[PDB]
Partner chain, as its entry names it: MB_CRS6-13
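There is one chain below, alone, in structure tokens, taken in the form solved without its partner chain.
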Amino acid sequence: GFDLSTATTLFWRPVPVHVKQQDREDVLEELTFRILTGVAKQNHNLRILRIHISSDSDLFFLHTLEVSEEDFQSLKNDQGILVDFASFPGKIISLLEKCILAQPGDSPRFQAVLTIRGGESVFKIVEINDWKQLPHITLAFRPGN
């Protein structure tokens, strides 16, 4: 992807995720999330947000999202995001924490979901209330690093 210089890791923690895939059992497992911000020198110092999902018991379980400042403009509209690119990672971190802290008896309840598909996977954090699954964020990840 982007060669990040001055890259800074903002978040590096395990998160409980409901991993869904067609034809397979749903598995609830801890996945490692790393959120990095950086400047792409090969691309006129564009700011990049990188999120990497990995498993410490499967070296081939690898999912990566990269969002540049330019990618964010479309993301912001599609997802109804109201803050700027700089403030976006903090909001994601807050959502991940709600998933980490979620208890089985919660109402409403937050959960992280990763649906694995062909050459792509969709990560979402949803708030489940009495009558629907309310999506707080939906993000597309590509396989690998």
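Residue numbers count along the first chain shown, from 1.
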Of 10 to 18 and 121 to 129, the one with larger mean CA B-factor: 121 to 129
Mean temperature factor over C-alpha atoms, higher-scoring stretch between 100 to 108 and 33 to 41: 100 to 108
Out of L59, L49, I53, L28, highest CA B-factor residue: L28
Chain-relative CA temperature factor third for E66: lowest
Third assignment of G1 from its chain's C-alpha B-factors: highest
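One more form of this protein should be noted, the form deposited with its partner chain bound, which is absent from this view; the next part is about it.
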Complete contact of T9, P14 and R34 with its partner chain in the deposited bound form (any heavy atom, 4.5 Å): yes
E97 within 4.5 Å of its partner chain in the deposited bound form, heavy atoms: yes
Contact flag, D56 vs its partner chain in the deposited bound form, heavy atom cut 4.5 Å: yes
Proximity of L28 to its partner chain in the deposited bound form, heavy atoms at 4.5 Å: no
